[PDB]
Amino acid sequence: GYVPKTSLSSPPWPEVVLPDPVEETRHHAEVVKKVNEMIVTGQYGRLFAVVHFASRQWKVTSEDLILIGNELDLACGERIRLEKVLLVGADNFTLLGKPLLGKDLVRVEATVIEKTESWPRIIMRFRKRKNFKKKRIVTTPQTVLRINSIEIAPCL
Amino acid sequence: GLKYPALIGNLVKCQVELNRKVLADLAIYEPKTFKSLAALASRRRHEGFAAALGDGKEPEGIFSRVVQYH
Amino acid sequence: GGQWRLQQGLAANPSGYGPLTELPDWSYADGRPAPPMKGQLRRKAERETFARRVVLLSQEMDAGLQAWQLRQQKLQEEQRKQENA
Amino acid sequence: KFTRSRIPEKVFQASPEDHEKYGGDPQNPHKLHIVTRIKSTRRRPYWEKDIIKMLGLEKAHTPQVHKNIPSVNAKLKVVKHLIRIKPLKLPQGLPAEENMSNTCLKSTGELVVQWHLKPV
Amino acid sequence: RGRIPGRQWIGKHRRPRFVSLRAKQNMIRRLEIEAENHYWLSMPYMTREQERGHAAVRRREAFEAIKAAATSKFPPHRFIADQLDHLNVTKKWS
Amino acid sequence: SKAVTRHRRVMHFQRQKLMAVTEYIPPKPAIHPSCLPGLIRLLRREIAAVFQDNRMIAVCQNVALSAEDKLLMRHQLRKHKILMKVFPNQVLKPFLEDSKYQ
RNA sequence: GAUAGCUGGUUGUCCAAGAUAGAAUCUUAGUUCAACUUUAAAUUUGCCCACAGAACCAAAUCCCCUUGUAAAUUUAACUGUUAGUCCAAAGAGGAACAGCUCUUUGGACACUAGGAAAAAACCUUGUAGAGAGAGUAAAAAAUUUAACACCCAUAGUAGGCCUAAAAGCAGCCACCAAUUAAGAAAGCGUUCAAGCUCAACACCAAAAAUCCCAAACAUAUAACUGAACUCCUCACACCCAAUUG
RNA sequence: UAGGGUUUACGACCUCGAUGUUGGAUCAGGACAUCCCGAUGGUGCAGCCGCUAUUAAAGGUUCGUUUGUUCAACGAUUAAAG
RNA sequence: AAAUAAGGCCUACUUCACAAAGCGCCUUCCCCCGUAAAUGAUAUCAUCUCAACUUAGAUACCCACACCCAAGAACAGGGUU
Ligand SMILES: [Mg+2]
Ligand SMILES: [Mg+2]
Ligand SMILES: [Mg+2]
Ligand SMILES: [Mg+2]
Ligand SMILES: [Mg+2]
Ligand SMILES: [Mg+2]
Ligand SMILES: [Mg+2]
Ligand SMILES: [Mg+2]
Ligand SMILES: [Mg+2]
Ligand SMILES: [Mg+2]
Ligand SMILES: [Mg+2]
Ligand SMILES: [Mg+2]
Ligand SMILES: [Mg+2]
Ligand SMILES: [Mg+2]
Ligand SMILES: [Mg+2]
């Protein structure tokens, strides 16, 4: 079933081929060992983690602020340990789970600064000739967080 | 060197759930992270194509094979 | 979006009874477990009520089947008794 | 006049080809269904709205279980075009008194009693 | 230039609406789901004759509970505690 | 408008969708078969009889002769004892090759 | 300060329930009853219900146990609705026309949300808030019919009836058969015959008046984007005309 | 079988706490189902005078007698008084 | 040579006067798609091309205080030896 080379004999995209599984696993293990050695040597600098807190994925780095639109019932001035991280890295290397990462692999330290409220939000509804005029003011609660640092271990 | 639909599909086909805000933030302030993500997406796309073509037997994609839970 | 999730059985919506939401979000720095959330408790109560209703329906169906079998046996015994005398 | 649409008997008659296509079987059939509304009640007759209200499917995309009996069978068929039906097969035993807090529905109908949060 | 009668969705003449692939695939998947539901609705378990009174006790209990809750419809009680505490509006210090 | 009309009434959106989805889909031949694989007995008998009775047969290319010319030729051939013959070639070629007349 | 079935208006915040079969009327721009709706209360059955039951001159409908449910009857109040429009079917008159007039069954509009371009009536979807979150319902018009197998012509003759005449086509009959192998003639043209072909044999859909109207690409691997719909952290009484509580 | 809303109606959908009603005067915008100036095919085309079908709207489209009436009769013109 | 519509003028003719106007005088230039023809195949005939290729097939005005005016409602413009 030979097909002479023509404008439509073969697909336009390049027909690439993947390597063997043995060599692929070998290279994977080699790169994993290299990354473990680099982490043990302390070459990383200023780590960053994507913390999925309050149903929102924040691109956290270090010394950054976060404001949540709800209450957590925590006294201002207490250390908190966040989890559900799935994208840790820095330079020349990255780390991500499937989806979340191991607890012993990442450690996000955060604290509470204040627990304020949102600015006076105005609610209003109107219609045409229906005498519909509804008004209401809402002031949802708010909080503030500060990630002290993001530690990492050579657990691999 | 990729498209948004195929990229999103490949990212979803790897248990790496990431919203669009974080993706844009990384692409803006982390070009290497987005490059690695695009490389992983292209690898997943190629693996899925090879599987659909040969029905595996028995590689099942080194990057595929989702982690089961219970 | 990703409808492929249904093929593996890991919830079409990633925020559905999965490890990304059911798992506790934060925790104390000393390692203590944070108290459960109100949404988690609501989902747990809903699951408990669903399981209770399913068990009750199964028990009712079993009782109905047993009652039908007993009625059939009683009718057969009555017919056998009437056959005599 | 748009009357109450009825359904004949030839429709609900599973054939060997249908059984081979799906996973269900005639002998030892399931006992409960997984009702999940996938269509709104609006733009439909009033009797269908009443049936939906009686079945308890106000919030769409919500699981629900009902008896697999002729009465409930017809009640479901009445709105079949507005609900998703699937069997409730339990891999293990029914939820005992000890297996009531750690449970999960899971898609494809698979009520697990040992619901944990760890990888295999 | 395309002048047509008033209102394009009613009257003797209307703008011809055409179907696309999205609606076709939607109808196809809907018909597939409907056929699956039909197949699932073709295998009873009690055959009617076995459900002539297997849960009437539960229905009667629910009806009795509803009747008791309805008959309980009565105004609330009254206490002197509130009437006496209402006098605290003029609480004075030394 | 009334149910029946002289013109083609515009069908409803759902009606048109159902009519389009329920269209006819003929089969799809994977290969298509388009690219896949009496009197004659009397003629043969007469040709065999002629071959058996051809003590002195001739062949010409009479075509440019009119009807009157053919009649005159037949008259001339009737004057001196000799007959004419006109047979096809499709039925004569097989017998020609079979009679060892290469 | 007349009356007036009539025009106009009838003042702060928020929550909830809230769309009618018809009849009478010196009457259809107004009124009452009935029906719908609201409040407090006593009672128990309210709806889809299954065998069956329900006429001589098609979709259907009534009762209907188990079964889903929690709705229904009455008492005592009283204001508000009682001119409707569109869509699918039965129709009625009209032109098997009208954003044409009127009923029966269902939906929508008078109540927000996402689209079909600007749309009430079309498709999807409702319990009401925030977040710089995730997953979905409806959702993008397609399509160009016309050649053709185009090689090649003796005759018993002008057959007979009428036709002064049609012999092969003003009209009727049988339509044989010699040419080696095929029309008492299938068309064209002749007053009438004269001439030219054929049957067969030998390779053979668009047009109306201010100016057409979203740029625009047939060739990188089916899946994406897409709501006030579902979910994620908190607490929930905080999206109907008139009327009512 | 397709296009018309220019004639007669047909329906009353905002416009009766106002859209001032026909001709005739200046001004004309646009469409061709084109009267004429440009080009073709046929013809019961020996030529003009004629007829038919397609394109071309850049231009032209009279002077007067009557009835209030666009319309309605008549005298003379130019290739034409659409 | 005459008119139509447009661009100009008072020296002859008039209304008339230190002007303006016409009845008076000068000028006005580019093809328009509707057809008829070489050469050959699908269709070795023939054949104009919704097959390949050839026939009737932009020129013009322009872009350095104060007095009078053929320039002008003001503004603005031209001259002021
Ligand atoms: Mg209109
Ligand atoms: Mg008064
Ligand atoms: Mg009156
Ligand atoms: Mg008024
Ligand atoms: Mg006032
Ligand atoms: Mg309400
Ligand atoms: Mg009277
Ligand atoms: Mg009307
Ligand atoms: Mg409305
Ligand atoms: Mg909601
Ligand atoms: Mg009106
Ligand atoms: Mg008026
Ligand atoms: Mg008035
Ligand atoms: Mg007015
Ligand atoms: Mg024309």
# chains A, B, ... in the order shown; residues from 1 in each chain; ligands from 1
>>> interface_residues(of="chain C", to="chain D", cutoff="7 Å", atoms="only C-alpha atoms", output="MDAnalysis selection string")
chainID C and resid 9 11 19 44 47:48 51 55 57
>>> residues_near_ligand(ligand="ligand 9", cutoff="12 Å", atoms="only C-alpha atoms (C1' of nucleotides) and all ligand atoms", output="MDAnalysis selection string")
(chainID A and resid 127:130) or (chainID G and resid 84:85 108:112 120:121 240:241)
>>> residues_around(residues="segment 31-44 of chain H", least_positions_apart="6", cutoff="8 Å", atoms="only C-alpha atoms (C1' of nucleotides)", output="PyMOL selection string")
(chain G and resi 208-209) or (chain H and resi 51+56+79-80+82) or (chain I and resi 34-35)
>>> write_last_selection(atoms="N, CA and C atoms (P, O5', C5', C4', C3', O3' and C1' of nucleotides)", output="PDB file, in the first residue's frame")
ATOM      1  P     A G 208     -35.256  44.118  -6.438  1.00  0.00           P
ATOM      2  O5'   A G 208     -35.291  45.710  -6.523  1.00  0.00           O
ATOM      3  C5'   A G 208     -36.241  46.376  -7.348  1.00  0.00           C
ATOM      4  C4'   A G 208     -36.283  47.862  -7.078  1.00  0.00           C
ATOM      5  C3'   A G 208     -36.707  48.253  -5.668  1.00  0.00           C
ATOM      6  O3'   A G 208     -36.034  49.446  -5.267  1.00  0.00           O
ATOM      7  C1'   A G 208     -38.296  49.076  -7.236  1.00  0.00           C
ATOM      8  P     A G 209     -34.611  49.350  -4.524  1.00  0.00           P
ATOM      9  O5'   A G 209     -34.060  50.844  -4.546  1.00  0.00           O
ATOM     10  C5'   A G 209     -34.734  51.878  -3.847  1.00  0.00           C
ATOM     11  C4'   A G 209     -35.140  52.996  -4.773  1.00  0.00           C
ATOM     12  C3'   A G 209     -35.828  54.185  -4.120  1.00  0.00           C
ATOM     13  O3'   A G 209     -34.915  55.095  -3.534  1.00  0.00           O
ATOM     14  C1'   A G 209     -37.043  53.525  -6.039  1.00  0.00           C
TER      15        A G 209
ATOM     16  P     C H  51     -41.721  49.976 -34.217  1.00  0.00           P
ATOM     17  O5'   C H  51     -41.913  48.406 -34.037  1.00  0.00           O
ATOM     18  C5'   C H  51     -43.207  47.821 -34.063  1.00  0.00           C
ATOM     19  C4'   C H  51     -43.132  46.320 -33.960  1.00  0.00           C
ATOM     20  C3'   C H  51     -42.222  45.778 -32.868  1.00  0.00           C
ATOM     21  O3'   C H  51     -42.843  45.765 -31.595  1.00  0.00           O
ATOM     22  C1'   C H  51     -41.776  44.649 -34.896  1.00  0.00           C
ATOM     23  P     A H  56     -27.148  48.177 -17.779  1.00  0.00           P
ATOM     24  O5'   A H  56     -26.813  49.514 -18.576  1.00  0.00           O
ATOM     25  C5'   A H  56     -25.469  49.880 -18.855  1.00  0.00           C
ATOM     26  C4'   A H  56     -25.400  51.133 -19.691  1.00  0.00           C
ATOM     27  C3'   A H  56     -26.300  52.276 -19.252  1.00  0.00           C
ATOM     28  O3'   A H  56     -25.755  53.029 -18.183  1.00  0.00           O
ATOM     29  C1'   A H  56     -26.512  51.960 -21.583  1.00  0.00           C
ATOM     30  P     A H  79     -36.444  65.736 -35.605  1.00  0.00           P
ATOM     31  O5'   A H  79     -37.305  64.607 -34.883  1.00  0.00           O
ATOM     32  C5'   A H  79     -37.346  63.281 -35.386  1.00  0.00           C
ATOM     33  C4'   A H  79     -37.124  62.274 -34.286  1.00  0.00           C
ATOM     34  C3'   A H  79     -37.960  62.474 -33.030  1.00  0.00           C
ATOM     35  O3'   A H  79     -39.264  61.929 -33.146  1.00  0.00           O
ATOM     36  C1'   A H  79     -35.699  62.147 -32.426  1.00  0.00           C
ATOM     37  P     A H  80     -40.536  62.725 -32.568  1.00  0.00           P
ATOM     38  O5'   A H  80     -40.544  62.365 -31.017  1.00  0.00           O
ATOM     39  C5'   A H  80     -40.652  61.017 -30.581  1.00  0.00           C
ATOM     40  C4'   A H  80     -40.333  60.885 -29.114  1.00  0.00           C
ATOM     41  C3'   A H  80     -41.217  61.686 -28.169  1.00  0.00           C
ATOM     42  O3'   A H  80     -42.443  61.036 -27.880  1.00  0.00           O
ATOM     43  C1'   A H  80     -38.948  62.028 -27.603  1.00  0.00           C
ATOM     44  P     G H  82     -45.087  62.790 -21.484  1.00  0.00           P
ATOM     45  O5'   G H  82     -45.006  61.221 -21.754  1.00  0.00           O
ATOM     46  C5'   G H  82     -43.757  60.547 -21.814  1.00  0.00           C
ATOM     47  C4'   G H  82     -43.872  59.126 -21.318  1.00  0.00           C
ATOM     48  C3'   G H  82     -44.019  58.953 -19.814  1.00  0.00           C
ATOM     49  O3'   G H  82     -45.346  59.159 -19.361  1.00  0.00           O
ATOM     50  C1'   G H  82     -42.395  57.437 -20.630  1.00  0.00           C
TER      51        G H  82
ATOM     52  P     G I  34     -22.898  43.454 -20.877  1.00  0.00           P
ATOM     53  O5'   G I  34     -23.458  43.720 -22.344  1.00  0.00           O
ATOM     54  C5'   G I  34     -24.810  43.448 -22.678  1.00  0.00           C
ATOM     55  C4'   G I  34     -25.018  43.498 -24.170  1.00  0.00           C
ATOM     56  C3'   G I  34     -24.413  42.343 -24.958  1.00  0.00           C
ATOM     57  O3'   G I  34     -25.248  41.198 -24.991  1.00  0.00           O
ATOM     58  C1'   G I  34     -23.759  44.383 -25.945  1.00  0.00           C
ATOM     59  P     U I  35     -24.665  39.783 -25.485  1.00  0.00           P
ATOM     60  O5'   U I  35     -23.505  40.184 -26.501  1.00  0.00           O
ATOM     61  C5'   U I  35     -23.156  39.344 -27.591  1.00  0.00           C
ATOM     62  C4'   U I  35     -23.107  40.119 -28.884  1.00  0.00           C
ATOM     63  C3'   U I  35     -22.416  39.430 -30.051  1.00  0.00           C
ATOM     64  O3'   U I  35     -23.266  38.513 -30.720  1.00  0.00           O
ATOM     65  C1'   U I  35     -21.621  41.651 -29.864  1.00  0.00           C
TER      66        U I  35
END
>>> select_by_dssp(residues="chain F", states="helix (DSSP H, G or I)", output="count of residues only")
46
>>> interface_residues(of="chain E", to="chain C", cutoff="8 Å", atoms="only C-alpha atoms", output="VMD selection string")
chain E and resid 46 50 to 51 53 to 55
>>> write_last_selection(atoms="N, CA and C atoms", output="short mmCIF file (atom, residue, chain, number, x, y, z; two decimals), in the first residue's frame")
data_model
loop_
_atom_site.label_atom_id
_atom_site.label_comp_id
_atom_site.auth_asym_id
_atom_site.auth_seq_id
_atom_site.Cartn_x
_atom_site.Cartn_y
_atom_site.Cartn_z
N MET E 46 -40.57 -5.53 40.82
CA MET E 46 -41.64 -6.03 41.67
C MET E 46 -42.84 -6.56 40.89
N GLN E 50 -46.29 -7.47 43.58
CA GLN E 50 -45.49 -7.56 44.79
C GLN E 50 -45.47 -6.27 45.60
N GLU E 51 -46.16 -5.22 45.14
CA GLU E 51 -46.19 -3.94 45.82
C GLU E 51 -47.63 -3.54 46.16
N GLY E 53 -48.77 -3.37 49.17
CA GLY E 53 -48.78 -2.90 50.54
C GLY E 53 -47.50 -3.22 51.28
N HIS E 54 -46.37 -2.77 50.73
CA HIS E 54 -45.06 -3.01 51.33
C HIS E 54 -44.53 -1.82 52.11
N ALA E 55 -45.11 -0.62 51.92
CA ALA E 55 -44.64 0.56 52.63
C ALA E 55 -45.80 1.46 53.07
#
>>> residues_around(residues="residue 95 of chain F", least_positions_apart="2", cutoff="8 Å", atoms="only C-alpha atoms (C1' of nucleotides)", output="JSON, numbers by chain")
{"F": [44, 47, 48, 91, 92, 93, 97, 98, 99]}
>>> write_last_selection(atoms="N, CA, C and O atoms", output="PDB file, in the first residue's frame")
ATOM      1  N   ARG F  44     -22.454 -18.539 -38.177  1.00  0.00           N
ATOM      2  CA  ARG F  44     -21.333 -19.472 -38.143  1.00  0.00           C
ATOM      3  C   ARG F  44     -21.558 -20.635 -39.100  1.00  0.00           C
ATOM      4  O   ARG F  44     -20.633 -21.054 -39.807  1.00  0.00           O
ATOM      5  N   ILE F  47     -21.017 -19.401 -42.634  1.00  0.00           N
ATOM      6  CA  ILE F  47     -19.604 -19.155 -42.900  1.00  0.00           C
ATOM      7  C   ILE F  47     -18.861 -20.472 -43.086  1.00  0.00           C
ATOM      8  O   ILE F  47     -17.986 -20.589 -43.951  1.00  0.00           O
ATOM      9  N   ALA F  48     -19.199 -21.485 -42.285  1.00  0.00           N
ATOM     10  CA  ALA F  48     -18.579 -22.795 -42.452  1.00  0.00           C
ATOM     11  C   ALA F  48     -18.947 -23.407 -43.797  1.00  0.00           C
ATOM     12  O   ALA F  48     -18.096 -23.991 -44.477  1.00  0.00           O
ATOM     13  N   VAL F  91     -17.721 -12.115 -37.028  1.00  0.00           N
ATOM     14  CA  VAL F  91     -17.977 -13.554 -36.997  1.00  0.00           C
ATOM     15  C   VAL F  91     -17.081 -14.329 -37.949  1.00  0.00           C
ATOM     16  O   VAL F  91     -16.998 -15.559 -37.841  1.00  0.00           O
ATOM     17  N   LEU F  92     -16.404 -13.648 -38.873  1.00  0.00           N
ATOM     18  CA  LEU F  92     -15.536 -14.315 -39.835  1.00  0.00           C
ATOM     19  C   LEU F  92     -14.099 -14.432 -39.348  1.00  0.00           C
ATOM     20  O   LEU F  92     -13.386 -15.353 -39.767  1.00  0.00           O
ATOM     21  N   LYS F  93     -13.655 -13.527 -38.477  1.00  0.00           N
ATOM     22  CA  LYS F  93     -12.285 -13.594 -37.974  1.00  0.00           C
ATOM     23  C   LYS F  93     -12.034 -14.852 -37.154  1.00  0.00           C
ATOM     24  O   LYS F  93     -10.987 -15.494 -37.353  1.00  0.00           O
ATOM     25  N   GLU F  97      -9.189 -17.565 -38.348  1.00  0.00           N
ATOM     26  CA  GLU F  97      -8.025 -18.028 -37.601  1.00  0.00           C
ATOM     27  C   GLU F  97      -8.107 -19.520 -37.301  1.00  0.00           C
ATOM     28  O   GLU F  97      -7.070 -20.177 -37.152  1.00  0.00           O
ATOM     29  N   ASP F  98      -9.319 -20.071 -37.208  1.00  0.00           N
ATOM     30  CA  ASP F  98      -9.467 -21.495 -36.929  1.00  0.00           C
ATOM     31  C   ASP F  98      -9.219 -22.351 -38.165  1.00  0.00           C
ATOM     32  O   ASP F  98      -8.835 -23.519 -38.036  1.00  0.00           O
ATOM     33  N   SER F  99      -9.429 -21.798 -39.360  1.00  0.00           N
ATOM     34  CA  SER F  99      -9.242 -22.534 -40.603  1.00  0.00           C
ATOM     35  C   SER F  99      -7.792 -22.541 -41.080  1.00  0.00           C
ATOM     36  O   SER F  99      -7.543 -22.840 -42.254  1.00  0.00           O
TER      37      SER F  99
END
>>> residues_around(residues="residue 5 of chain I", least_positions_apart="3", cutoff="12 Å", atoms="only C-alpha atoms (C1' of nucleotides)", output="PyMOL selection string")
(chain H and resi 59-60) or (chain I and resi 28)
>>> residues_near_ligand(ligand="ligand 2", cutoff="9 Å", atoms="only C-alpha atoms (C1' of nucleotides) and all ligand atoms", output="PyMOL selection string")
chain G and resi 1-4
>>> write_last_selection(atoms="N, CA, C and O atoms (P, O5', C5', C4', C3', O3' and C1' of nucleotides)", output="PDB file, in the first residue's frame")
ATOM      1  P     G G   1     -70.373  74.983  47.113  1.00  0.00           P
ATOM      2  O5'   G G   1     -69.049  74.121  47.322  1.00  0.00           O
ATOM      3  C5'   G G   1     -67.844  74.449  46.636  1.00  0.00           C
ATOM      4  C4'   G G   1     -67.142  73.214  46.127  1.00  0.00           C
ATOM      5  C3'   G G   1     -68.067  72.054  45.766  1.00  0.00           C
ATOM      6  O3'   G G   1     -67.566  71.359  44.625  1.00  0.00           O
ATOM      7  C1'   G G   1     -66.537  71.357  47.423  1.00  0.00           C
ATOM      8  P     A G   2     -68.349  71.441  43.224  1.00  0.00           P
ATOM      9  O5'   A G   2     -69.471  70.314  43.334  1.00  0.00           O
ATOM     10  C5'   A G   2     -70.333  70.243  44.462  1.00  0.00           C
ATOM     11  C4'   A G   2     -71.675  69.667  44.094  1.00  0.00           C
ATOM     12  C3'   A G   2     -71.644  68.350  43.335  1.00  0.00           C
ATOM     13  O3'   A G   2     -71.498  67.230  44.190  1.00  0.00           O
ATOM     14  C1'   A G   2     -73.103  69.857  42.244  1.00  0.00           C
ATOM     15  P     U G   3     -70.488  66.041  43.805  1.00  0.00           P
ATOM     16  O5'   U G   3     -71.213  65.299  42.597  1.00  0.00           O
ATOM     17  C5'   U G   3     -72.536  64.802  42.735  1.00  0.00           C
ATOM     18  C4'   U G   3     -73.170  64.544  41.393  1.00  0.00           C
ATOM     19  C3'   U G   3     -72.388  63.635  40.458  1.00  0.00           C
ATOM     20  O3'   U G   3     -72.586  62.261  40.738  1.00  0.00           O
ATOM     21  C1'   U G   3     -73.080  65.562  39.281  1.00  0.00           C
ATOM     22  P     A G   4     -71.330  61.264  40.826  1.00  0.00           P
ATOM     23  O5'   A G   4     -70.843  61.133  39.317  1.00  0.00           O
ATOM     24  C5'   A G   4     -71.730  60.675  38.306  1.00  0.00           C
ATOM     25  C4'   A G   4     -71.173  60.927  36.928  1.00  0.00           C
ATOM     26  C3'   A G   4     -69.725  60.521  36.712  1.00  0.00           C
ATOM     27  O3'   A G   4     -69.571  59.134  36.469  1.00  0.00           O
ATOM     28  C1'   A G   4     -70.074  62.689  35.838  1.00  0.00           C
TER      29        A G   4
END
>>> residues_near_ligand(ligand="ligand 3", cutoff="12 Å", atoms="only C-alpha atoms (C1' of nucleotides) and all ligand atoms", output="VMD selection string")
chain G and resid 4 to 6 25 to 31
>>> residues_near_ligand(ligand="ligand 11", cutoff="12 Å", atoms="only C-alpha atoms (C1' of nucleotides) and all ligand atoms", output="PDB file with C-alpha atoms (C1' of nucleotides), in the first residue's frame")
ATOM      1  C1'   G G  99     -49.040  41.944  13.433  1.00  0.00           C
TER       2        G G  99
ATOM      3  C1'   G H  11     -57.187  44.787   9.009  1.00  0.00           C
ATOM      4  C1'   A H  12     -57.294  49.598  12.834  1.00  0.00           C
ATOM      5  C1'   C H  13     -51.083  48.369  14.877  1.00  0.00           C
ATOM      6  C1'   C H  14     -48.530  54.408  17.933  1.00  0.00           C
ATOM      7  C1'   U H  15     -50.344  58.790  15.682  1.00  0.00           C
TER       8        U H  15
END
>>> interface_residues(of="chain B", to="chain A", cutoff="9 Å", atoms="only C-alpha atoms", output="ChimeraX atom specification")
/B:14-19,21-22,25-26,32-33,36,43,46-47,50,59,61-62,66-67
>>> atom_distance(atom1="atom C1' of residue 77 of chain G", atom2="atom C1' of residue 40 of chain G")
9.8 Å
>>> decode(residues="segment 57-68 of chain H", atoms="C-alpha atoms (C1' of nucleotides)", output="PDB file, in the first residue's frame")
ATOM      1  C1'   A H  57     -30.306  56.764 -16.799  1.00  0.00           C
ATOM      2  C1'   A H  58     -24.158  60.668 -18.405  1.00  0.00           C
ATOM      3  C1'   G H  59     -28.964  64.069 -20.882  1.00  0.00           C
ATOM      4  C1'   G H  60     -33.460  65.613 -22.695  1.00  0.00           C
ATOM      5  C1'   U H  61     -38.827  64.940 -21.565  1.00  0.00           C
ATOM      6  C1'   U H  62     -42.731  71.785 -25.533  1.00  0.00           C
ATOM      7  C1'   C H  63     -46.131  75.779 -26.583  1.00  0.00           C
ATOM      8  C1'   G H  64     -52.039  76.598 -25.567  1.00  0.00           C
ATOM      9  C1'   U H  65     -57.902  76.362 -25.620  1.00  0.00           C
ATOM     10  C1'   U H  66     -61.772  74.039 -21.351  1.00  0.00           C
ATOM     11  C1'   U H  67     -64.066  72.039 -17.323  1.00  0.00           C
ATOM     12  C1'   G H  68     -61.746  73.554  -9.426  1.00  0.00           C
TER      13        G H  68
END
